[PDB]
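Everything below concerns the one structure shown next.
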Amino acid sequence: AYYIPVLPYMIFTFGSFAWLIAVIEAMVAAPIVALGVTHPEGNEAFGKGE
Amino acid sequence: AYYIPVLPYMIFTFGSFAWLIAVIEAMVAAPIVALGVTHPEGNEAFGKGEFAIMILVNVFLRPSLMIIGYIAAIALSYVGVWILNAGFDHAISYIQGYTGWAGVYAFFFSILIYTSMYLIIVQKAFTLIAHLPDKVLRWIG
Amino acid sequence: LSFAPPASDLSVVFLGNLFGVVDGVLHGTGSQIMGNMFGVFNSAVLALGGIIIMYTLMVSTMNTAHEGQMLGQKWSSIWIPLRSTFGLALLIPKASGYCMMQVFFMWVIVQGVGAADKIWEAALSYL
Amino acid sequence: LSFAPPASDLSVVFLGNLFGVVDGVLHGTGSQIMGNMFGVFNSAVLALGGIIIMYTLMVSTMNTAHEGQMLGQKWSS
Amino acid sequence: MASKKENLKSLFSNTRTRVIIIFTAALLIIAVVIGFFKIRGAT
Amino acid sequence: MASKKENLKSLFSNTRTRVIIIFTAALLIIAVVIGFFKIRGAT
């Protein structure tokens with residue numbers, strides 16, 4: 001009667017929170033990826049854009 | 001009132017002493033890089049320079065990224081707590097037949113969720129300090 | 001540009017009482033086990049490295065023997081002398097029990113320390 | 001519909017409350033330690049990227065001096 | 001004949017190559033000076 | 001092709017290769033002497 005009615009709420013919080021940590025990871029990754037513009041390495045036009 | 005107020009200190013010392021391990025790692029790797037310098041393969045001035053560069057950038061960068069993780073962690077704890085505050089009151093409504101003792105321990109139960117979730121909310125934030133540096137090395141190399 | 005960390009930070013003095021004394025990078029003194037133990041460890045790695053380099057010498061001249069060409073083709077002969085002297089020099093411990101290669105990595109550690117101080121100081125000033 | 005989340009969603013509200021203000025995408029301010037950390041952090045990374053850029057510039061120039069071509073081969077003009 | 005000095009002189013002699021490298025150098029140096037500027041501003 | 005001995009002899013025969021190899025063997029023997037002397041002095 002108790003654990004299950006609330007447990008998916010908790011799991012969805014941990015999911016959206018993993019999303020939070022991942023978007024912070026992205027905005028820390030931004031400087032390196034746009035710094036990679038100066039390098040013409042690879043057939044891509046973005047340098048190291050993978 | 002106790003465990004969270006000190007927690008960032010505990011995990012920050014763990015990450016910092018891990019950085020210390022990175023330091024001994026680097027300074028024992030140093031003579032091996034020196035030995036690889038005198039290697040007769042090729043004509044490069046670095047030889048097996050990939051190790052030199054990667055552990056070099058690892059140890060050089062580790063401090064600043066643990067700092068950014070620390071401060072982003074105090075930042076993330078607040079968003080976590082207001083997410084939990086905004087979600088808790090509606091997440092319990094129908095749970096609070098639910099009469100008598102059912103109303104009582106259910107009341108109990110909600111705190112044993114609230115704070116316990118709180119306990120790990122900030123906690124994951126602080127795996128965040130342990131999270132950026134290593135994953136950082138996976139993009140540069 | 002560059003920036004040496006403030007004198008009052010405990011990061012560098014904790015480095016100092018751990019590793020002891022590093023020439024030209026730090027002046028604090030602590031438990032001097034380090035200097036001597038990595039001095040002897042560098043000497044041992046020097047011996048085994050001389051053995052391994054002699055091994056690579058026989059194998060390199062052996063591959064050159066398969067080719068029969070003078071002056072060698074697998075290696076550039078103008079960079080071997082400079083390369084060998086720089087590596088050998090970078091592998092001499094001093095009386096402190098430390099090479100100059102470890103000197104540049106302790107330099108990099110204190111520079112990363114300084115970067116951390118920079119970020120953390122900007123943060124604290126903003127608060 | 002065009003990709004435009006509603007006004008009443010708290011996703012963007014706490015998003016911006018975490019990252020202070022972001023120009024042209026976010027309206028509102030919160031705990032703005034975030035802005036200063038990205039300022040100093042971007043400055044540090046652009047200085048470091050600059051020194052790596054000159055390092056790679058010397059590498060490319062020595063490679064193209066070895067080859068004898070102009071501005072290298074992989075690097076264009 | 002041909003050497004590193006000859007290559008650097010040949011690259012410098014070409015007007016278009018010379019000008020594009022001096023613009024790129026100007027961009028990088030102005031980047032590092034503004035970098036220094038908000039280091040000293042941050043401190 | 002000739003045996004390894006002839007290529008080996010021709011390799012010493014060149015004055016420039018000879019001097020660089022004896023010089024490198026000189027640093028090698030010196031380095032192993034440093035290793036011996038301080039593993040002894042340390043003990």
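We name chains A, B, ... following the order of the structure tokens; residues begin at 1 in each chain, and ligands are numbered from 1 as shown.
With only C-alpha atoms taken into account, chain D has residues 33, 36, 37, 40, 41, 44 and 47 of chain D at most 9 Å from chain C.
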Mind fitting chain E to chain F by least squares on all Cα atoms in order and giving back the moved coordinates as a PDB file with N, CA and C atoms, in the first residue's frame?
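Everything below was put into superposed19.pdb:
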```pdb
ATOM      1  N   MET E   1      77.606 -12.932 -50.152  1.00  0.00           N
ATOM      2  CA  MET E   1      76.748 -11.915 -50.748  1.00  0.00           C
ATOM      3  C   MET E   1      76.312 -10.907 -49.686  1.00  0.00           C
ATOM      4  N   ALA E   2      75.073 -11.036 -49.218  1.00  0.00           N
ATOM      5  CA  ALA E   2      74.517 -10.165 -48.192  1.00  0.00           C
ATOM      6  C   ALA E   2      73.985 -11.015 -47.048  1.00  0.00           C
ATOM      7  N   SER E   3      74.375 -10.669 -45.825  1.00  0.00           N
ATOM      8  CA  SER E   3      73.940 -11.397 -44.641  1.00  0.00           C
ATOM      9  C   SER E   3      74.031 -10.461 -43.442  1.00  0.00           C
ATOM     10  N   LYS E   4      73.749 -11.010 -42.258  1.00  0.00           N
ATOM     11  CA  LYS E   4      73.829 -10.218 -41.034  1.00  0.00           C
ATOM     12  C   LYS E   4      75.258  -9.767 -40.761  1.00  0.00           C
ATOM     13  N   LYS E   5      76.232 -10.653 -40.986  1.00  0.00           N
ATOM     14  CA  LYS E   5      77.630 -10.280 -40.797  1.00  0.00           C
ATOM     15  C   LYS E   5      78.039  -9.174 -41.761  1.00  0.00           C
ATOM     16  N   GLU E   6      77.591  -9.261 -43.016  1.00  0.00           N
ATOM     17  CA  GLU E   6      77.886  -8.204 -43.977  1.00  0.00           C
ATOM     18  C   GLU E   6      77.289  -6.877 -43.529  1.00  0.00           C
ATOM     19  N   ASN E   7      76.055  -6.902 -43.018  1.00  0.00           N
ATOM     20  CA  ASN E   7      75.422  -5.672 -42.558  1.00  0.00           C
ATOM     21  C   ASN E   7      76.158  -5.078 -41.364  1.00  0.00           C
ATOM     22  N   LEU E   8      76.554  -5.914 -40.401  1.00  0.00           N
ATOM     23  CA  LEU E   8      77.268  -5.382 -39.244  1.00  0.00           C
ATOM     24  C   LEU E   8      78.621  -4.814 -39.656  1.00  0.00           C
ATOM     25  N   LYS E   9      79.307  -5.477 -40.592  1.00  0.00           N
ATOM     26  CA  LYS E   9      80.579  -4.954 -41.079  1.00  0.00           C
ATOM     27  C   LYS E   9      80.389  -3.635 -41.818  1.00  0.00           C
ATOM     28  N   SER E  10      79.322  -3.523 -42.613  1.00  0.00           N
ATOM     29  CA  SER E  10      79.071  -2.286 -43.347  1.00  0.00           C
ATOM     30  C   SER E  10      78.741  -1.136 -42.402  1.00  0.00           C
ATOM     31  N   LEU E  11      77.923  -1.394 -41.379  1.00  0.00           N
ATOM     32  CA  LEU E  11      77.625  -0.352 -40.400  1.00  0.00           C
ATOM     33  C   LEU E  11      78.866   0.039 -39.604  1.00  0.00           C
ATOM     34  N   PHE E  12      79.714  -0.933 -39.258  1.00  0.00           N
ATOM     35  CA  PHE E  12      80.940  -0.619 -38.535  1.00  0.00           C
ATOM     36  C   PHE E  12      81.931   0.147 -39.405  1.00  0.00           C
ATOM     37  N   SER E  13      81.933  -0.097 -40.718  1.00  0.00           N
ATOM     38  CA  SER E  13      82.922   0.531 -41.588  1.00  0.00           C
ATOM     39  C   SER E  13      82.691   2.032 -41.709  1.00  0.00           C
ATOM     40  N   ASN E  14      81.431   2.460 -41.752  1.00  0.00           N
ATOM     41  CA  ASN E  14      81.128   3.880 -41.884  1.00  0.00           C
ATOM     42  C   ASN E  14      81.605   4.620 -40.641  1.00  0.00           C
ATOM     43  N   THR E  15      82.430   5.650 -40.845  1.00  0.00           N
ATOM     44  CA  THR E  15      83.041   6.343 -39.715  1.00  0.00           C
ATOM     45  C   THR E  15      81.998   7.061 -38.867  1.00  0.00           C
ATOM     46  N   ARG E  16      81.108   7.826 -39.504  1.00  0.00           N
ATOM     47  CA  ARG E  16      80.147   8.630 -38.753  1.00  0.00           C
ATOM     48  C   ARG E  16      79.167   7.749 -37.986  1.00  0.00           C
ATOM     49  N   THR E  17      78.645   6.708 -38.637  1.00  0.00           N
ATOM     50  CA  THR E  17      77.740   5.795 -37.948  1.00  0.00           C
ATOM     51  C   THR E  17      78.447   5.097 -36.793  1.00  0.00           C
ATOM     52  N   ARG E  18      79.658   4.592 -37.037  1.00  0.00           N
ATOM     53  CA  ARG E  18      80.420   3.940 -35.977  1.00  0.00           C
ATOM     54  C   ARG E  18      80.601   4.868 -34.784  1.00  0.00           C
ATOM     55  N   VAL E  19      81.008   6.116 -35.037  1.00  0.00           N
ATOM     56  CA  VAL E  19      81.312   7.015 -33.929  1.00  0.00           C
ATOM     57  C   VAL E  19      80.042   7.392 -33.171  1.00  0.00           C
ATOM     58  N   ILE E  20      78.927   7.607 -33.875  1.00  0.00           N
ATOM     59  CA  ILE E  20      77.712   7.969 -33.151  1.00  0.00           C
ATOM     60  C   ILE E  20      77.233   6.803 -32.288  1.00  0.00           C
ATOM     61  N   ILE E  21      77.338   5.566 -32.791  1.00  0.00           N
ATOM     62  CA  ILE E  21      76.931   4.441 -31.950  1.00  0.00           C
ATOM     63  C   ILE E  21      77.876   4.260 -30.766  1.00  0.00           C
ATOM     64  N   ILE E  22      79.177   4.526 -30.930  1.00  0.00           N
ATOM     65  CA  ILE E  22      80.043   4.315 -29.766  1.00  0.00           C
ATOM     66  C   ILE E  22      79.805   5.398 -28.717  1.00  0.00           C
ATOM     67  N   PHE E  23      79.499   6.633 -29.139  1.00  0.00           N
ATOM     68  CA  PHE E  23      79.092   7.628 -28.141  1.00  0.00           C
ATOM     69  C   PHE E  23      77.800   7.232 -27.432  1.00  0.00           C
ATOM     70  N   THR E  24      76.798   6.748 -28.171  1.00  0.00           N
ATOM     71  CA  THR E  24      75.558   6.352 -27.503  1.00  0.00           C
ATOM     72  C   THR E  24      75.797   5.184 -26.550  1.00  0.00           C
ATOM     73  N   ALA E  25      76.641   4.234 -26.959  1.00  0.00           N
ATOM     74  CA  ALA E  25      76.997   3.125 -26.083  1.00  0.00           C
ATOM     75  C   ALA E  25      77.714   3.621 -24.836  1.00  0.00           C
ATOM     76  N   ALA E  26      78.624   4.586 -24.994  1.00  0.00           N
ATOM     77  CA  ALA E  26      79.321   5.148 -23.843  1.00  0.00           C
ATOM     78  C   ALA E  26      78.345   5.813 -22.883  1.00  0.00           C
ATOM     79  N   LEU E  27      77.378   6.556 -23.420  1.00  0.00           N
ATOM     80  CA  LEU E  27      76.383   7.190 -22.563  1.00  0.00           C
ATOM     81  C   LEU E  27      75.575   6.152 -21.794  1.00  0.00           C
ATOM     82  N   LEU E  28      75.130   5.089 -22.468  1.00  0.00           N
ATOM     83  CA  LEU E  28      74.318   4.097 -21.767  1.00  0.00           C
ATOM     84  C   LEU E  28      75.137   3.349 -20.715  1.00  0.00           C
ATOM     85  N   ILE E  29      76.399   3.024 -21.022  1.00  0.00           N
ATOM     86  CA  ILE E  29      77.181   2.259 -20.053  1.00  0.00           C
ATOM     87  C   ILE E  29      77.508   3.133 -18.847  1.00  0.00           C
ATOM     88  N   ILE E  30      77.837   4.410 -19.072  1.00  0.00           N
ATOM     89  CA  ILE E  30      78.087   5.278 -17.927  1.00  0.00           C
ATOM     90  C   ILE E  30      76.812   5.454 -17.109  1.00  0.00           C
ATOM     91  N   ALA E  31      75.646   5.467 -17.765  1.00  0.00           N
ATOM     92  CA  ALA E  31      74.388   5.528 -17.028  1.00  0.00           C
ATOM     93  C   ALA E  31      74.216   4.305 -16.135  1.00  0.00           C
ATOM     94  N   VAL E  32      74.500   3.115 -16.667  1.00  0.00           N
ATOM     95  CA  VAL E  32      74.301   1.924 -15.845  1.00  0.00           C
ATOM     96  C   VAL E  32      75.335   1.848 -14.721  1.00  0.00           C
ATOM     97  N   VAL E  33      76.560   2.340 -14.943  1.00  0.00           N
ATOM     98  CA  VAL E  33      77.541   2.312 -13.856  1.00  0.00           C
ATOM     99  C   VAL E  33      77.173   3.308 -12.760  1.00  0.00           C
ATOM    100  N   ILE E  34      76.676   4.498 -13.115  1.00  0.00           N
ATOM    101  CA  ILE E  34      76.267   5.395 -12.035  1.00  0.00           C
ATOM    102  C   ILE E  34      75.044   4.818 -11.332  1.00  0.00           C
ATOM    103  N   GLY E  35      74.156   4.162 -12.090  1.00  0.00           N
ATOM    104  CA  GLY E  35      73.045   3.467 -11.472  1.00  0.00           C
ATOM    105  C   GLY E  35      73.508   2.484 -10.419  1.00  0.00           C
ATOM    106  N   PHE E  36      74.436   1.600 -10.787  1.00  0.00           N
ATOM    107  CA  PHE E  36      75.012   0.664  -9.829  1.00  0.00           C
ATOM    108  C   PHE E  36      75.636   1.408  -8.655  1.00  0.00           C
ATOM    109  N   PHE E  37      76.254   2.561  -8.928  1.00  0.00           N
ATOM    110  CA  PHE E  37      76.913   3.315  -7.868  1.00  0.00           C
ATOM    111  C   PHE E  37      75.934   3.762  -6.792  1.00  0.00           C
ATOM    112  N   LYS E  38      74.769   4.298  -7.168  1.00  0.00           N
ATOM    113  CA  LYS E  38      73.879   4.702  -6.076  1.00  0.00           C
ATOM    114  C   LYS E  38      72.907   3.595  -5.659  1.00  0.00           C
ATOM    115  N   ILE E  39      72.895   2.447  -6.351  1.00  0.00           N
ATOM    116  CA  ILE E  39      72.379   1.254  -5.667  1.00  0.00           C
ATOM    117  C   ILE E  39      73.269   0.889  -4.491  1.00  0.00           C
ATOM    118  N   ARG E  40      74.578   0.765  -4.724  1.00  0.00           N
ATOM    119  CA  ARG E  40      75.453   0.345  -3.633  1.00  0.00           C
ATOM    120  C   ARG E  40      75.561   1.436  -2.576  1.00  0.00           C
ATOM    121  N   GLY E  41      75.435   2.700  -2.985  1.00  0.00           N
ATOM    122  CA  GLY E  41      75.361   3.779  -2.018  1.00  0.00           C
ATOM    123  C   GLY E  41      74.085   3.758  -1.200  1.00  0.00           C
ATOM    124  N   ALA E  42      72.953   3.442  -1.836  1.00  0.00           N
ATOM    125  CA  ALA E  42      71.693   3.370  -1.104  1.00  0.00           C
ATOM    126  C   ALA E  42      71.737   2.275  -0.045  1.00  0.00           C
ATOM    127  N   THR E  43      72.306   1.124  -0.387  1.00  0.00           N
ATOM    128  CA  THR E  43      72.387   0.004   0.542  1.00  0.00           C
ATOM    129  C   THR E  43      73.480   0.224   1.583  1.00  0.00           C
TER     130      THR E  43
END
```
Would you kindly report the residues of chain B within 12 Å of chain F, using only C-alpha atoms, as a PyMOL selection string?
chain B and resi 35+38+40
Keeping only N, CA, C and O atoms, write the selected residues to a file as a PDB file, in the first residue's frame.
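What follows is the written file selection.pdb:
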```pdb
ATOM      1  N   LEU B  35      62.414   7.251 -19.766  1.00  0.00           N
ATOM      2  CA  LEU B  35      62.995   6.096 -20.437  1.00  0.00           C
ATOM      3  C   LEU B  35      62.498   5.980 -21.872  1.00  0.00           C
ATOM      4  O   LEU B  35      63.275   5.677 -22.784  1.00  0.00           O
ATOM      5  N   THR B  38      64.388   8.085 -24.569  1.00  0.00           N
ATOM      6  CA  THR B  38      65.604   7.555 -25.170  1.00  0.00           C
ATOM      7  C   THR B  38      65.340   6.366 -26.091  1.00  0.00           C
ATOM      8  O   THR B  38      66.287   5.672 -26.480  1.00  0.00           O
ATOM      9  N   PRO B  40      64.697   4.168 -29.398  1.00  0.00           N
ATOM     10  CA  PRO B  40      65.231   4.376 -30.750  1.00  0.00           C
ATOM     11  C   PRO B  40      64.210   4.177 -31.861  1.00  0.00           C
ATOM     12  O   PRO B  40      64.597   4.003 -33.022  1.00  0.00           O
TER      13      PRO B  40
END
```
Alpha helix (DSSP H) call set, DSSP backbone run, region 1-43 of chain A, as number ranges by chain:
A: 3-35
Export of the given selection (N, CA, C and O atoms) as a CSV table (one decimal), in the first residue's frame:
```csv
chain,number,residue,atom,x,y,z
A,3,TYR,N,5.0,1.6,-0.5
A,3,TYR,CA,6.2,1.8,-1.3
A,3,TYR,C,5.8,2.0,-2.8
A,3,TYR,O,6.3,3.0,-3.4
A,4,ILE,N,5.0,1.1,-3.4
A,4,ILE,CA,4.8,1.2,-4.8
A,4,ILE,C,4.0,2.4,-5.2
A,4,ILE,O,4.3,3.0,-6.3
A,5,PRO,N,3.0,2.9,-4.5
A,5,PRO,CA,2.3,4.1,-5.0
A,5,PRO,C,3.2,5.3,-5.1
A,5,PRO,O,2.8,6.2,-5.9
A,6,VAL,N,4.3,5.4,-4.4
A,6,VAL,CA,5.2,6.5,-4.5
A,6,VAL,C,6.5,6.2,-5.3
A,6,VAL,O,7.2,7.1,-5.8
A,7,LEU,N,6.9,4.9,-5.4
A,7,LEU,CA,8.2,4.5,-5.9
A,7,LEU,C,8.4,5.0,-7.4
A,7,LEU,O,9.5,5.6,-7.6
A,8,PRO,N,7.5,4.9,-8.3
A,8,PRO,CA,7.7,5.5,-9.6
A,8,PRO,C,8.0,7.0,-9.6
A,8,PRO,O,8.7,7.5,-10.5
A,9,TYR,N,7.4,7.7,-8.7
A,9,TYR,CA,7.7,9.1,-8.5
A,9,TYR,C,9.2,9.3,-8.3
A,9,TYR,O,9.9,10.1,-8.9
A,10,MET,N,9.7,8.5,-7.3
A,10,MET,CA,11.2,8.5,-7.0
A,10,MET,C,12.0,8.2,-8.2
A,10,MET,O,13.0,8.8,-8.5
A,11,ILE,N,11.6,7.1,-8.9
A,11,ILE,CA,12.5,6.7,-10.1
A,11,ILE,C,12.4,7.8,-11.2
A,11,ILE,O,13.4,8.0,-11.8
A,12,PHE,N,11.3,8.4,-11.4
A,12,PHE,CA,11.2,9.5,-12.3
A,12,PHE,C,12.1,10.7,-11.9
A,12,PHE,O,12.7,11.4,-12.7
A,13,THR,N,12.1,11.0,-10.6
A,13,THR,CA,13.0,12.0,-10.1
A,13,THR,C,14.5,11.6,-10.4
A,13,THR,O,15.2,12.4,-11.0
A,14,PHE,N,14.9,10.4,-10.1
A,14,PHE,CA,16.3,10.1,-10.5
A,14,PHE,C,16.5,10.1,-12.0
A,14,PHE,O,17.6,10.5,-12.4
A,15,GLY,N,15.5,9.8,-12.8
A,15,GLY,CA,15.7,9.9,-14.2
A,15,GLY,C,15.9,11.4,-14.7
A,15,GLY,O,16.9,11.7,-15.4
A,16,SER,N,15.0,12.3,-14.3
A,16,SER,CA,15.1,13.7,-14.7
A,16,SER,C,16.4,14.3,-14.1
A,16,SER,O,16.9,15.2,-14.7
A,17,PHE,N,16.8,13.8,-12.9
A,17,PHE,CA,18.0,14.3,-12.3
A,17,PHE,C,19.3,13.8,-13.0
A,17,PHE,O,20.2,14.5,-13.2
A,18,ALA,N,19.3,12.6,-13.6
A,18,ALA,CA,20.3,12.1,-14.5
A,18,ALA,C,20.3,13.0,-15.7
A,18,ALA,O,21.4,13.4,-16.2
A,19,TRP,N,19.1,13.4,-16.2
A,19,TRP,CA,19.0,14.4,-17.3
A,19,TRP,C,19.7,15.7,-16.9
A,19,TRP,O,20.4,16.3,-17.7
A,20,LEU,N,19.5,16.2,-15.7
A,20,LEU,CA,20.1,17.4,-15.2
A,20,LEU,C,21.7,17.3,-15.3
A,20,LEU,O,22.3,18.1,-15.8
A,21,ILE,N,22.2,16.2,-14.7
A,21,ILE,CA,23.6,16.0,-14.7
A,21,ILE,C,24.2,15.9,-16.1
A,21,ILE,O,25.2,16.4,-16.5
A,22,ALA,N,23.4,15.3,-17.0
A,22,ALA,CA,23.8,15.1,-18.4
A,22,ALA,C,23.9,16.5,-19.1
A,22,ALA,O,24.8,16.8,-19.9
A,23,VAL,N,22.9,17.4,-18.9
A,23,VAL,CA,22.9,18.7,-19.6
A,23,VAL,C,24.0,19.5,-19.0
A,23,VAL,O,24.6,20.3,-19.8
A,24,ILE,N,24.3,19.4,-17.7
A,24,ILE,CA,25.5,20.1,-17.2
A,24,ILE,C,26.8,19.5,-17.9
A,24,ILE,O,27.7,20.3,-18.3
A,25,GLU,N,26.8,18.2,-18.1
A,25,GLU,CA,27.9,17.6,-18.8
A,25,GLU,C,28.1,18.2,-20.2
A,25,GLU,O,29.2,18.5,-20.6
A,26,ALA,N,26.9,18.4,-20.8
A,26,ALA,CA,26.9,19.0,-22.2
A,26,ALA,C,27.5,20.4,-22.2
A,26,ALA,O,28.3,20.8,-23.1
A,27,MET,N,27.1,21.2,-21.2
A,27,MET,CA,27.5,22.6,-21.3
A,27,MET,C,28.9,22.8,-20.8
A,27,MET,O,29.6,23.8,-21.2
A,28,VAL,N,29.4,21.8,-20.1
A,28,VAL,CA,30.9,21.8,-19.8
A,28,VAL,C,31.6,21.3,-21.1
A,28,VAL,O,32.8,21.7,-21.3
A,29,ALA,N,31.0,20.4,-21.9
A,29,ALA,CA,31.7,19.9,-23.0
A,29,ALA,C,31.7,20.9,-24.2
A,29,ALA,O,32.5,20.8,-25.1
A,30,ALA,N,30.8,21.9,-24.1
A,30,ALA,CA,30.7,22.9,-25.2
A,30,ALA,C,32.0,23.6,-25.6
A,30,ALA,O,32.4,23.7,-26.7
A,31,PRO,N,32.8,24.1,-24.6
A,31,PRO,CA,34.0,24.8,-25.0
A,31,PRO,C,35.0,24.0,-25.8
A,31,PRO,O,35.6,24.5,-26.8
A,32,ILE,N,35.2,22.7,-25.4
A,32,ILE,CA,36.1,21.9,-26.2
A,32,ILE,C,35.6,21.6,-27.6
A,32,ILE,O,36.4,21.6,-28.6
A,33,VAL,N,34.3,21.4,-27.7
A,33,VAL,CA,33.8,21.0,-29.1
A,33,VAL,C,33.8,22.2,-30.0
A,33,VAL,O,34.1,22.1,-31.2
A,34,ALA,N,33.6,23.4,-29.5
A,34,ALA,CA,33.7,24.6,-30.4
A,34,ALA,C,35.1,25.1,-30.5
A,34,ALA,O,35.4,25.9,-31.4
A,35,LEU,N,36.0,24.7,-29.6
A,35,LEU,CA,37.4,24.9,-29.8
A,35,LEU,C,38.0,24.0,-30.9
A,35,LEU,O,38.8,24.4,-31.7
```
Leaving out region 22-24 of chain C and any residue of its chain fewer than 3 positions from it, which residues lie within 8 Å of it when counting only C-alpha atoms, given as number ranges by chain?
C: 16, 19, 27, 96, 98, 103, 106
